[PDB]
Amino acid sequence: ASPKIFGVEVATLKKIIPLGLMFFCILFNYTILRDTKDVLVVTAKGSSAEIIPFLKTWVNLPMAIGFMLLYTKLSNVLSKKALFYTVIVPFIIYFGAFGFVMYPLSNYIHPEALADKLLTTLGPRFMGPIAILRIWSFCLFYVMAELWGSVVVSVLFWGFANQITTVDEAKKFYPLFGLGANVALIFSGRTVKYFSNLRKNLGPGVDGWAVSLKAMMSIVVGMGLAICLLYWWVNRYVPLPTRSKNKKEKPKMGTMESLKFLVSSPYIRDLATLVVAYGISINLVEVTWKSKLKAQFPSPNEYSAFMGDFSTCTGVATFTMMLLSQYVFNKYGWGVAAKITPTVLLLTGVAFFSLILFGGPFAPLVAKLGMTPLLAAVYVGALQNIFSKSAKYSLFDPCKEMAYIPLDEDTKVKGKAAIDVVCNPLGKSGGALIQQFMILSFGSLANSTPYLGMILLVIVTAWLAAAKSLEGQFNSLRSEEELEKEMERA
Amino acid sequence: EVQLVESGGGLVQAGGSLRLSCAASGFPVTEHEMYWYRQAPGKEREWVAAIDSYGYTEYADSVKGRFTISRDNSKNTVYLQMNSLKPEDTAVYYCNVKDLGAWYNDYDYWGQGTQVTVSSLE
């Protein structure tokens, strides 16, 4: 009988605290980079304003697809620890070198004298690519920062977690990772604010932005070394579940064969449907609700007063959703928690689009509440936007990562990479393409409200169906693997 | 810091055209939603037209069908074309940016405004 502190075994505690610290450090770096990259690529000595859109449209998704293909073969030819280090150490060393060498020597490595010769060579329509060349370093930083948030946060960390955590411990401790994730976001936001202020408070004659960037990248590399040390500690001094002996399988090593299996797998299909539908739903409904919001509050002061209260409610809901998620995971299981998000989004979206499309009929009904139907739509969309963003680290991400645990390591790792790197940017891109198609069809997103609502209905319906099928397959895998382990161990 | 400068406001006859231009600096102007407000003397500041990071161009009902907001990423500036102007469009127009992130301290940045006056002459 090993000792138990706080009602939890010391071994599980010893495996969970370093995981929580790793996730804290990872999201600390993620927030620092997510702010540094956009405050950096625009405040560059020579930088077009169409340099970030080009990196969001034509660079982000191809880079994600290329990283998926690279990671598949790397996992095929490397062990778990070797792959983790091979993926994360380049990020850490690049951010350190950028903070200490590449940014101070930015006038030296940037080909300003070449991407004006080639700008007289290639017409102004090619202003896009030329711009990146002109500040390639910073642009690479941007890309790498994006990749960090797409890879180190999702593939690296959560792959490690699903590799070392069982389904029971995942139900017990994944919401408590989101609590701590939010603390990392809070503290990293305060750190970014502190260094933004420090850039100005320090006296003249000093490149305050250079000092702030050096300090922020020093924190980035410190947290990265902390992540590496915690990974080494968990892999050395924590007894990890080995697997069920079904672990043996022919290594595919076919980047065509592996992808063909992933597209033909009914499990990855449903999981990718969840991810894609989540991204599309929040993006579309967020745009529509913000348009209605602007219509509601014409004055600046009222708009900002409402977006103080919205943030306060967002924080309160984040806290209460963390607690409620740790409760529902303990009590009802994976299926209920996986279906809570699409059902609530569906109900709130139906109410929202009903108050939008039919405001006339609903005017007497909402008048009982003392609200203009526009204001009712604003509040419904605000509550939906709150539930959808507060259930990420509490309700959606825990379910998504725990769906990976009962899989075999081949499919686990490969589907993790192919979903959390490629399918999520595809969700965002599909939402954008959907809205653009509605615009080109009907001239405006205001003239496409019924069709936007109908396609959102279809998307969340497919989300619910995928959640149901995924929960069925998830229970099937869990039962099969537990019975197989108990039969081979008997 | 964040800098927003408006231009193009002037004196035009009723039924005329006028193109406001907000030049922005110190933040990604293509990644945040850019607003256009107007304020008349004796009245509160009211919203005119916004454009999102995607360029989706939501307008106020008072100017819908006549005004057209358009962000040019090549020149890094937001634009507000005003066709079929009418004498109650006379106001000081501001371009606004909100919620710029943790690197910024105010949550609201404005320009100094540009005066647009529409004359009811015959």
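I need a count of the residues in the range A:38-86 that are touching a helix residue (DSSP H, G or I) at 6+ places or on another chain (Cβ under 8 Å), small (G, A, S) and within 14 Å of chain B (Cβ to nearest Cβ).
Selection size over the range A:38-86: 4.
Does the range A:408-423 contain any residue that is within 20 Å of A:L345 (Cβ to Cβ), surrounded by fewer than 22 Cβ atoms within 10 Å (Cβ to Cβ) and free of Cβ contacts under 8 Å to residues at least 24 places away in the same chain?
no
Please determine whether any residue of the range B:61-73 is of a type in the set (D, E, K, R), touching a residue at least 24 places away in the same chain (Cβ under 8 Å) and within 14 Å of chain A (Cβ to nearest Cβ).
Filtering the range B:61-73 for residues of a type in the set (D, E, K, R) gives B:61, B:64, B:66, B:71-72.
From what is left, the residues that are touching a residue at least 24 places away in the same chain (Cβ under 8 Å) are B:71.
Applying the additional criterion that residues be within 14 Å of chain A (Cβ to nearest Cβ) yields B:71.
The answer is yes, given that some residue of the range B:61-73 is of a type in the set (D, E, K, R), touching a residue at least 24 places away in the same chain (Cβ under 8 Å) and within 14 Å of chain A (Cβ to nearest Cβ).
Taking the range B:95-122, which residues are hydrophobic (A, V, I, L, M, F, W, C), within 14 Å of another protein chain (Cβ to nearest Cβ) and surrounded by fewer than 20 Cβ atoms within 10 Å (Cβ to Cβ)?
B:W110
Kindly indicate which of A:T36, A:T43 is surrounded by fewer than 20 Cβ atoms within 10 Å (Cβ to Cβ), of a type outside the set (F, W, Y) and closer than 26 Å to A:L185 by Cα.
It is A:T43.
Quick one: in the range B:1-20, which of the residues that are assigned to a strand (DSSP E or B) and under 25 Å from A:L40 (Cα atoms) is nearest to the chain's Cα centre (by Cα)?
Step by step, filter the range B:1-20, then rank; the result is B:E6.
Going through B:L100, B:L80 one at a time, which residue ends up being within 21 Å of A:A49 (Cα to Cα), in contact with a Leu (Cβ under 6 Å, 6 or more places away or on another chain) and touching a residue at least 24 places away in the same chain (Cβ under 8 Å)?
After ruling out the rest, the residue left standing is B:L80.
Take the residues in the range A:433-454 that are crowded, with 17+ Cβ neighbours inside 10 Å and among the hydrophobic types (A, V, I, L, M, F, W, C), then tell me which one is nearest to the other protein chains (Cβ to nearest Cβ).
A:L445
Here are B:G8, B:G26, B:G15: which of them is away from every other protein chain (no Cβ under 12 Å), at positive phi, of a type outside the set (D, E, K, R) and surrounded by 15 or more Cβ atoms within 10 Å (Cβ to Cβ)?
Among B:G8, B:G26, B:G15, only B:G8 is away from every other protein chain (no Cβ under 12 Å), at positive phi, of a type outside the set (D, E, K, R) and surrounded by 15 or more Cβ atoms within 10 Å (Cβ to Cβ).
Of the residues that sit in the range B:65-94 and are surrounded by 14 or more Cβ atoms within 10 Å (Cβ to Cβ) and basic (K, R), which one is nearest to the chain's Cα centre (by Cα)?
The qualifying residue nearest to the chain's Cα centre (by Cα) is B:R71.
So, in the range A:44-81, how many residues would count as being among the hydroxyl-bearing types (S, T, Y), without any contact (Cβ under 8 Å) to a residue 40 or more places away in the chain and assigned to a helix (DSSP H, G or I)?
1
Test of understanding: among A:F306, A:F297, A:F310, which residue is at the interface with another protein chain (Cβ under 10 Å from one of its Cβ atoms) and touching a helix residue (DSSP H, G or I) at 6+ places or on another chain (Cβ under 9 Å)?
Selected residue: A:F297, the only one of A:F306, A:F297, A:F310 that is at the interface with another protein chain (Cβ under 10 Å from one of its Cβ atoms) and touching a helix residue (DSSP H, G or I) at 6+ places or on another chain (Cβ under 9 Å).
Name the residue, out of A:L347, A:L293, A:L355, A:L323, that is surrounded by fewer than 18 Cβ atoms within 10 Å (Cβ to Cβ) and closer than 30 Å to B:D61 by Cα.
Step by step, each of A:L347, A:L293, A:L355, A:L323 is checked, and only A:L347 is surrounded by fewer than 18 Cβ atoms within 10 Å (Cβ to Cβ) and closer than 30 Å to B:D61 by Cα.
Go through the residues of the range A:82-94 one by one and say whether even a single one is of a type in the set (F, W, Y), under 20 Å from A:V59 (Cα atoms), in contact (Cβ under 8 Å) with a residue 24 or more places away in the chain and part of a helix (DSSP H, G or I).
Looking for residues that are of a type in the set (F, W, Y), under 20 Å from A:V59 (Cα atoms), in contact (Cβ under 8 Å) with a residue 24 or more places away in the chain and part of a helix (DSSP H, G or I), one finds at least one in the range A:82-94, hence yes.
Can you tell which of A:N162, A:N197, A:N201 is farther than 15 Å from A:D35 by Cα and within 13 Å of another protein chain (Cβ to nearest Cβ)?
A:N201
Scan the range A:210-263 for residues that are among the charged types (D, E, K, R), under 27 Å from the mean Cα position of the chain (by Cα) and surrounded by 15 or more Cβ atoms within 10 Å (Cβ to Cβ) and jot them down.
A:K214
Taking only pairs six or more apart or across chains, which ones have beta-carbon atoms under 8 Å, a first residue in the range A:269-283 that is assigned to a helix (DSSP H, G or I), and a second residue that is among the basic types (K, R)?
A:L271/A:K400; A:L274/A:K400; A:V275/A:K400; A:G279/A:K428; A:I280/A:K428; A:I282/A:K389; A:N283/A:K428
Please note: Cβ atoms are built from the backbone with ideal geometry, for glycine as well, and neighbour counts cover all protein chains shown. Here, each number is a calculation from the coordinates, and none is a lab measurement.
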